[PDB]
file input.cif (mmCIF, C-alpha atoms)
data_work
#
loop_
_atom_site.label_atom_id
_atom_site.label_comp_id
_atom_site.auth_asym_id
_atom_site.auth_seq_id
_atom_site.Cartn_x
_atom_site.Cartn_y
_atom_site.Cartn_z
CA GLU A 2 -19.10 3.09 -2.52
CA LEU A 3 -16.79 4.32 -5.29
CA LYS A 4 -16.37 7.78 -3.77
CA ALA A 5 -15.86 6.18 -0.35
CA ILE A 6 -13.12 3.98 -1.82
CA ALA A 7 -11.55 7.14 -3.23
CA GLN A 8 -11.58 8.75 0.22
CA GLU A 9 -9.85 5.75 1.80
CA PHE A 10 -7.07 5.81 -0.80
CA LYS A 11 -6.56 9.49 0.03
CA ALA A 12 -6.30 8.63 3.73
CA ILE A 13 -3.96 5.76 2.86
CA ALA A 14 -1.78 8.19 0.90
CA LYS A 15 -1.57 10.40 3.99
CA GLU A 16 -0.47 7.54 6.26
CA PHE A 17 2.37 6.79 3.84
CA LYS A 18 3.48 10.44 3.90
CA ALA A 19 3.56 10.30 7.70
CA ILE A 20 5.51 7.04 7.46
CA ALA A 21 7.99 8.76 5.15
CA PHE A 22 8.31 11.49 7.77
CA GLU A 23 9.19 8.98 10.47
CA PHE A 24 11.87 7.38 8.29
CA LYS A 25 13.32 10.85 7.68
CA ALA A 26 13.48 11.41 11.44
CA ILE A 27 15.34 8.10 11.76
CA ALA A 28 17.72 9.34 9.06
CA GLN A 29 18.66 12.17 11.44
CA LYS A 30 19.62 9.72 13.98
CA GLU B 2 -13.34 -9.95 -10.19
CA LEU B 3 -14.66 -7.43 -7.64
CA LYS B 4 -14.83 -9.97 -4.82
CA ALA B 5 -11.38 -11.25 -5.80
CA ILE B 6 -10.04 -7.70 -5.60
CA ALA B 7 -11.60 -7.47 -2.14
CA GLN B 8 -9.80 -10.65 -1.07
CA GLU B 9 -6.43 -9.33 -2.24
CA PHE B 10 -6.87 -6.10 -0.27
CA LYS B 11 -7.59 -8.22 2.80
CA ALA B 12 -4.39 -10.20 2.20
CA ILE B 13 -2.53 -6.93 1.62
CA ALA B 14 -3.85 -5.64 4.95
CA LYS B 15 -2.45 -8.75 6.64
CA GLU B 16 1.03 -8.30 5.14
CA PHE B 17 1.11 -4.75 6.53
CA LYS B 18 0.17 -6.02 10.00
CA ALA B 19 3.02 -8.52 9.82
CA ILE B 20 5.30 -5.70 8.66
CA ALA B 21 4.20 -3.65 11.67
CA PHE B 22 5.08 -6.64 13.84
CA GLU B 23 8.61 -6.77 12.44
CA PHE B 24 9.14 -3.06 13.09
CA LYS B 25 7.96 -3.59 16.67
CA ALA B 26 10.54 -6.37 17.06
CA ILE B 27 13.20 -3.96 15.79
CA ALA B 28 11.97 -1.45 18.38
CA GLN B 29 12.97 -4.00 21.05
CA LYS B 30 16.40 -4.01 19.75
CA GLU C 2 -10.19 4.85 -15.92
CA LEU C 3 -10.13 1.16 -14.98
CA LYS C 4 -7.07 0.40 -17.10
CA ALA C 5 -5.39 3.54 -15.75
CA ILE C 6 -6.08 2.34 -12.20
CA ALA C 7 -4.49 -0.97 -13.19
CA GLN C 8 -1.37 0.83 -14.43
CA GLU C 9 -1.00 2.77 -11.17
CA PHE C 10 -1.21 -0.42 -9.10
CA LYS C 11 1.57 -1.86 -11.27
CA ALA C 12 3.69 1.24 -10.63
CA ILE C 13 2.83 1.00 -6.93
CA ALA C 14 4.00 -2.63 -6.94
CA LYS C 15 7.32 -1.50 -8.42
CA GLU C 16 7.88 1.15 -5.73
CA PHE C 17 7.40 -1.53 -3.07
CA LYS C 18 9.97 -3.77 -4.76
CA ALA C 19 12.44 -0.89 -4.74
CA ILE C 20 11.59 -0.29 -1.08
CA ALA C 21 12.30 -3.96 -0.38
CA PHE C 22 15.64 -3.49 -2.11
CA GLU C 23 16.57 -0.59 0.16
CA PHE C 24 15.71 -2.60 3.28
CA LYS C 25 17.91 -5.42 1.98
CA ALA C 26 20.78 -2.94 1.58
CA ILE C 27 20.22 -1.85 5.18
CA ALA C 28 20.37 -5.53 6.17
CA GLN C 29 23.94 -5.56 4.82
CA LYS C 30 24.83 -2.85 7.11
CA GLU D 2 9.85 6.26 15.31
CA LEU D 3 9.75 2.51 14.72
CA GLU D 4 6.69 2.11 16.97
CA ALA D 5 5.02 5.01 15.17
CA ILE D 6 5.85 3.34 11.84
CA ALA D 7 4.25 0.10 13.05
CA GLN D 8 1.17 1.96 14.30
CA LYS D 9 0.62 3.62 10.92
CA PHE D 10 1.15 0.35 9.02
CA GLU D 11 -1.63 -1.10 11.20
CA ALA D 12 -3.81 1.92 10.43
CA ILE D 13 -3.05 1.41 6.73
CA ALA D 14 -4.02 -2.25 7.12
CA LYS D 15 -7.37 -1.22 8.59
CA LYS D 16 -8.01 1.12 5.65
CA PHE D 17 -7.29 -1.55 3.04
CA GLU D 18 -9.74 -3.79 4.90
CA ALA D 19 -12.28 -0.95 4.74
CA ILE D 20 -11.68 -0.69 0.99
CA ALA D 21 -12.16 -4.46 0.69
CA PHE D 22 -15.61 -4.35 2.24
CA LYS D 23 -16.58 -1.55 -0.11
CA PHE D 24 -15.64 -3.67 -3.13
CA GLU D 25 -17.67 -6.54 -1.67
CA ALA D 26 -20.62 -4.14 -1.46
CA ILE D 27 -20.26 -3.18 -5.13
CA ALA D 28 -19.87 -6.87 -6.02
CA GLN D 29 -23.14 -7.60 -4.20
CA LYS D 30 -24.55 -5.06 -6.44
CA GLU E 2 13.66 -8.39 10.66
CA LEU E 3 14.80 -6.17 7.80
CA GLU E 4 14.98 -9.13 5.41
CA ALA E 5 11.52 -10.23 6.55
CA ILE E 6 10.27 -6.68 5.95
CA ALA E 7 11.71 -6.75 2.42
CA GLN E 8 10.16 -10.16 1.75
CA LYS E 9 6.70 -8.96 2.75
CA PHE E 10 7.02 -5.75 0.70
CA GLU E 11 7.75 -7.99 -2.29
CA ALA E 12 4.73 -10.13 -1.43
CA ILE E 13 2.66 -6.94 -1.19
CA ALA E 14 4.02 -5.90 -4.59
CA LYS E 15 2.84 -9.20 -6.08
CA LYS E 16 -0.64 -8.69 -4.64
CA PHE E 17 -1.00 -5.18 -6.08
CA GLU E 18 0.02 -6.65 -9.44
CA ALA E 19 -2.68 -9.30 -8.97
CA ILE E 20 -5.20 -6.53 -8.25
CA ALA E 21 -4.04 -4.70 -11.39
CA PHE E 22 -4.79 -7.66 -13.64
CA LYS E 23 -8.23 -7.95 -12.09
CA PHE E 24 -9.01 -4.33 -12.96
CA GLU E 25 -7.78 -4.98 -16.50
CA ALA E 26 -10.24 -7.89 -16.66
CA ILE E 27 -13.13 -5.66 -15.57
CA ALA E 28 -11.97 -3.01 -18.05
CA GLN E 29 -12.08 -5.62 -20.82
CA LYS E 30 -15.55 -6.10 -19.76
CA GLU F 2 18.66 4.11 2.34
CA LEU F 3 16.23 5.58 4.85
CA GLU F 4 15.87 8.79 2.83
CA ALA F 5 15.34 6.72 -0.31
CA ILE F 6 12.69 4.70 1.55
CA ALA F 7 10.92 7.91 2.57
CA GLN F 8 11.09 9.26 -0.99
CA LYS F 9 9.45 6.13 -2.41
CA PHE F 10 6.74 6.11 0.28
CA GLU F 11 5.93 9.66 -0.82
CA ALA F 12 5.87 8.53 -4.44
CA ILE F 13 3.56 5.68 -3.41
CA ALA F 14 1.36 8.21 -1.62
CA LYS F 15 1.09 10.26 -4.82
CA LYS F 16 0.05 7.16 -6.79
CA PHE F 17 -2.71 6.22 -4.34
CA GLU F 18 -3.97 9.79 -4.65
CA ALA F 19 -3.92 9.36 -8.44
CA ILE F 20 -5.93 6.15 -8.04
CA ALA F 21 -8.39 8.01 -5.80
CA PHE F 22 -9.14 10.62 -8.44
CA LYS F 23 -9.72 7.88 -10.98
CA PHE F 24 -12.34 6.26 -8.75
CA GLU F 25 -13.97 9.67 -8.30
CA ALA F 26 -14.14 9.91 -12.10
CA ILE F 27 -15.86 6.52 -12.37
CA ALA F 28 -18.19 7.52 -9.53
CA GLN F 29 -19.13 10.66 -11.46
CA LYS F 30 -20.00 8.33 -14.15
#

call {"tool": "encode", "arguments": {"input": "input.cif", "output": "structure tokens"}}
result
Amino acid sequence: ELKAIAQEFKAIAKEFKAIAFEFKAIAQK
Amino acid sequence: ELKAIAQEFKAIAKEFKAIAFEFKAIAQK
Amino acid sequence: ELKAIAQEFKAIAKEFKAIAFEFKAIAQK
Amino acid sequence: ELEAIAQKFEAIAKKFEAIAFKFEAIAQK
Amino acid sequence: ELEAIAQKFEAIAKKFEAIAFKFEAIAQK
Amino acid sequence: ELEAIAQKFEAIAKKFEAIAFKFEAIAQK
């Protein structure tokens, strides 16, 4: 369970990076 | 404590869904 | 490790507050 | 971009729910 | 919508802080 | 503000990754 929780947090971190990417694209109009 | 942590993550998940909803409303101008 | 995880969640909470601040500034045009 | 941001926030929500259930499993023992 | 998004990010921040304190409690033992 | 929001989402991503590695350390034992 602990390792699986670690994997989810890694996948969560990746979603936030992709979110950051989208906001950057909005910054370019 | 562990179950309480689980409950908070569920409530966190719900806030993010509501956030997603707001962004959708902004997508409709 | 547990206390260190607690510290990160506190720092995560602070990033979200700063994010909220930015969105407020966007609300003021 | 806004719809993509909402989609990922909903994916993030699902992952926090997945984490929650994992903590419930550890709490069960 | 932007002010509602900021409000929920602040609510999310509070919940991560609540999670933090729970982990500190487990760390205490 | 949008670029600052992206920056903080990337900082948040890094912190969730840091949390992940901590859980892996507890899982190791």

call {"tool": "interface_residues", "arguments": {"input": "input.cif", "of": "chain A", "to": "chain F", "cutoff": "8 Å", "atoms": "all atoms listed in the file", "output": "compact mmCIF listing (two decimals) with C-alpha atoms, in the frame of the given file"}}
result
# COMPACT_ATOMS: atom_id res chain seq x y z
CA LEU A 3 -16.79 4.32 -5.29
CA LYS A 4 -16.37 7.78 -3.77
CA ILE A 6 -13.12 3.98 -1.82
CA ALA A 7 -11.55 7.14 -3.23
CA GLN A 8 -11.58 8.75 0.22
CA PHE A 10 -7.07 5.81 -0.80
CA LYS A 11 -6.56 9.49 0.03
CA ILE A 13 -3.96 5.76 2.86
CA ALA A 14 -1.78 8.19 0.90
CA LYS A 15 -1.57 10.40 3.99
CA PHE A 17 2.37 6.79 3.84
CA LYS A 18 3.48 10.44 3.90
CA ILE A 20 5.51 7.04 7.46
CA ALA A 21 7.99 8.76 5.15
CA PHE A 22 8.31 11.49 7.77
CA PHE A 24 11.87 7.38 8.29
CA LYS A 25 13.32 10.85 7.68
CA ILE A 27 15.34 8.10 11.76
CA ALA A 28 17.72 9.34 9.06

call {"tool": "axis_aligned_box", "arguments": {"input": "input.cif", "around": "range 13-30 of chain D", "padding_each_side": "5 Å", "output": "AutoDock Vina command-line options"}}
result
--center_x -13.8 --center_y -3.1 --center_z 1.1 --size_x 31.5 --size_y 19.0 --size_z 25.0

call {"tool": "atom_distance", "arguments": {"input": "input.cif", "atom1": "CA of residue 23 in chain C", "atom2": "CA of residue 23 in chain B"}}
result
15.9 Å

call {"tool": "atom_distance", "arguments": {"input": "input.cif", "atom1": "CA of residue 29 in chain C", "atom2": "CA of residue 12 in chain B"}}
result
28.8 Å

call {"tool": "atom_distance", "arguments": {"input": "input.cif", "atom1": "CA of residue 19 in chain B", "atom2": "CA of residue 9 in chain C"}}
result
24.2 Å

call {"tool": "build_atoms", "arguments": {"input": "input.cif", "residues": "chain A", "atoms": "N, CA and C atoms", "output": "PDB file, keeping the file's coordinate frame"}}
result
ATOM      1  N   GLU A   2     -20.223   3.967  -2.854  1.00  0.00           N
ATOM      2  CA  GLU A   2     -19.100   3.090  -2.520  1.00  0.00           C
ATOM      3  C   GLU A   2     -17.831   3.561  -3.239  1.00  0.00           C
ATOM      4  N   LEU A   3     -17.960   3.923  -4.518  1.00  0.00           N
ATOM      5  CA  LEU A   3     -16.790   4.320  -5.290  1.00  0.00           C
ATOM      6  C   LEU A   3     -16.129   5.551  -4.689  1.00  0.00           C
ATOM      7  N   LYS A   4     -16.923   6.580  -4.390  1.00  0.00           N
ATOM      8  CA  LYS A   4     -16.370   7.780  -3.770  1.00  0.00           C
ATOM      9  C   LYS A   4     -15.759   7.453  -2.414  1.00  0.00           C
ATOM     10  N   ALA A   5     -16.405   6.569  -1.646  1.00  0.00           N
ATOM     11  CA  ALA A   5     -15.860   6.180  -0.350  1.00  0.00           C
ATOM     12  C   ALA A   5     -14.522   5.462  -0.513  1.00  0.00           C
ATOM     13  N   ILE A   6     -14.405   4.610  -1.532  1.00  0.00           N
ATOM     14  CA  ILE A   6     -13.120   3.980  -1.820  1.00  0.00           C
ATOM     15  C   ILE A   6     -12.079   5.035  -2.162  1.00  0.00           C
ATOM     16  N   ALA A   7     -12.480   6.069  -2.902  1.00  0.00           N
ATOM     17  CA  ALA A   7     -11.550   7.140  -3.230  1.00  0.00           C
ATOM     18  C   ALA A   7     -11.062   7.847  -1.974  1.00  0.00           C
ATOM     19  N   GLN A   8     -11.963   8.082  -1.019  1.00  0.00           N
ATOM     20  CA  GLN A   8     -11.580   8.750   0.220  1.00  0.00           C
ATOM     21  C   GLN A   8     -10.577   7.920   1.010  1.00  0.00           C
ATOM     22  N   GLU A   9     -10.777   6.601   1.065  1.00  0.00           N
ATOM     23  CA  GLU A   9      -9.850   5.750   1.800  1.00  0.00           C
ATOM     24  C   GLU A   9      -8.460   5.787   1.184  1.00  0.00           C
ATOM     25  N   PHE A  10      -8.375   5.739  -0.147  1.00  0.00           N
ATOM     26  CA  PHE A  10      -7.070   5.810  -0.800  1.00  0.00           C
ATOM     27  C   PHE A  10      -6.372   7.123  -0.488  1.00  0.00           C
ATOM     28  N   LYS A  11      -7.134   8.218  -0.398  1.00  0.00           N
ATOM     29  CA  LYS A  11      -6.560   9.490   0.030  1.00  0.00           C
ATOM     30  C   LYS A  11      -6.019   9.398   1.451  1.00  0.00           C
ATOM     31  N   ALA A  12      -6.779   8.781   2.360  1.00  0.00           N
ATOM     32  CA  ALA A  12      -6.300   8.630   3.730  1.00  0.00           C
ATOM     33  C   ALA A  12      -5.114   7.684   3.795  1.00  0.00           C
ATOM     34  N   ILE A  13      -5.115   6.650   2.953  1.00  0.00           N
ATOM     35  CA  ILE A  13      -3.960   5.760   2.860  1.00  0.00           C
ATOM     36  C   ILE A  13      -2.733   6.540   2.403  1.00  0.00           C
ATOM     37  N   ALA A  14      -2.896   7.383   1.382  1.00  0.00           N
ATOM     38  CA  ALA A  14      -1.780   8.190   0.900  1.00  0.00           C
ATOM     39  C   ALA A  14      -1.198   9.050   2.014  1.00  0.00           C
ATOM     40  N   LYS A  15      -2.052   9.551   2.910  1.00  0.00           N
ATOM     41  CA  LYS A  15      -1.570  10.400   3.990  1.00  0.00           C
ATOM     42  C   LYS A  15      -0.794   9.605   5.031  1.00  0.00           C
ATOM     43  N   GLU A  16      -1.232   8.380   5.335  1.00  0.00           N
ATOM     44  CA  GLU A  16      -0.470   7.540   6.260  1.00  0.00           C
ATOM     45  C   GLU A  16       0.931   7.279   5.730  1.00  0.00           C
ATOM     46  N   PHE A  17       1.059   7.059   4.419  1.00  0.00           N
ATOM     47  CA  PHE A  17       2.370   6.790   3.840  1.00  0.00           C
ATOM     48  C   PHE A  17       3.271   8.020   3.908  1.00  0.00           C
ATOM     49  N   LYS A  18       2.702   9.214   3.736  1.00  0.00           N
ATOM     50  CA  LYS A  18       3.480  10.440   3.900  1.00  0.00           C
ATOM     51  C   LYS A  18       3.995  10.557   5.334  1.00  0.00           C
ATOM     52  N   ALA A  19       3.130  10.273   6.309  1.00  0.00           N
ATOM     53  CA  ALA A  19       3.560  10.300   7.700  1.00  0.00           C
ATOM     54  C   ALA A  19       4.618   9.240   7.966  1.00  0.00           C
ATOM     55  N   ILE A  20       4.480   8.067   7.342  1.00  0.00           N
ATOM     56  CA  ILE A  20       5.510   7.040   7.460  1.00  0.00           C
ATOM     57  C   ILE A  20       6.833   7.555   6.917  1.00  0.00           C
ATOM     58  N   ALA A  21       6.794   8.187   5.748  1.00  0.00           N
ATOM     59  CA  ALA A  21       7.990   8.760   5.150  1.00  0.00           C
ATOM     60  C   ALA A  21       8.640   9.759   6.108  1.00  0.00           C
ATOM     61  N   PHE A  22       7.816  10.505   6.833  1.00  0.00           N
ATOM     62  CA  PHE A  22       8.310  11.490   7.770  1.00  0.00           C
ATOM     63  C   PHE A  22       9.095  10.828   8.892  1.00  0.00           C
ATOM     64  N   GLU A  23       8.556   9.715   9.383  1.00  0.00           N
ATOM     65  CA  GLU A  23       9.190   8.980  10.470  1.00  0.00           C
ATOM     66  C   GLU A  23      10.558   8.455  10.027  1.00  0.00           C
ATOM     67  N   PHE A  24      10.605   7.880   8.822  1.00  0.00           N
ATOM     68  CA  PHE A  24      11.870   7.380   8.290  1.00  0.00           C
ATOM     69  C   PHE A  24      12.885   8.513   8.149  1.00  0.00           C
ATOM     70  N   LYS A  25      12.432   9.696   7.721  1.00  0.00           N
ATOM     71  CA  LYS A  25      13.320  10.850   7.680  1.00  0.00           C
ATOM     72  C   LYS A  25      13.875  11.166   9.060  1.00  0.00           C
ATOM     73  N   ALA A  26      13.018  11.139  10.083  1.00  0.00           N
ATOM     74  CA  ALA A  26      13.480  11.410  11.440  1.00  0.00           C
ATOM     75  C   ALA A  26      14.508  10.381  11.888  1.00  0.00           C
ATOM     76  N   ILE A  27      14.339   9.126  11.464  1.00  0.00           N
ATOM     77  CA  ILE A  27      15.340   8.100  11.760  1.00  0.00           C
ATOM     78  C   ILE A  27      16.624   8.374  11.000  1.00  0.00           C
ATOM     79  N   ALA A  28      16.527   8.987   9.817  1.00  0.00           N
ATOM     80  CA  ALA A  28      17.720   9.340   9.060  1.00  0.00           C
ATOM     81  C   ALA A  28      18.550  10.405   9.761  1.00  0.00           C
ATOM     82  N   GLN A  29      17.942  11.174  10.660  1.00  0.00           N
ATOM     83  CA  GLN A  29      18.660  12.170  11.440  1.00  0.00           C
ATOM     84  C   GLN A  29      19.139  11.615  12.784  1.00  0.00           C
ATOM     85  N   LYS A  30      19.239  10.292  12.875  1.00  0.00           N
ATOM     86  CA  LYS A  30      19.620   9.720  13.980  1.00  0.00           C
ATOM     87  C   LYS A  30      18.655   9.855  15.193  1.00  0.00           C
TER      88      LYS A  30
END
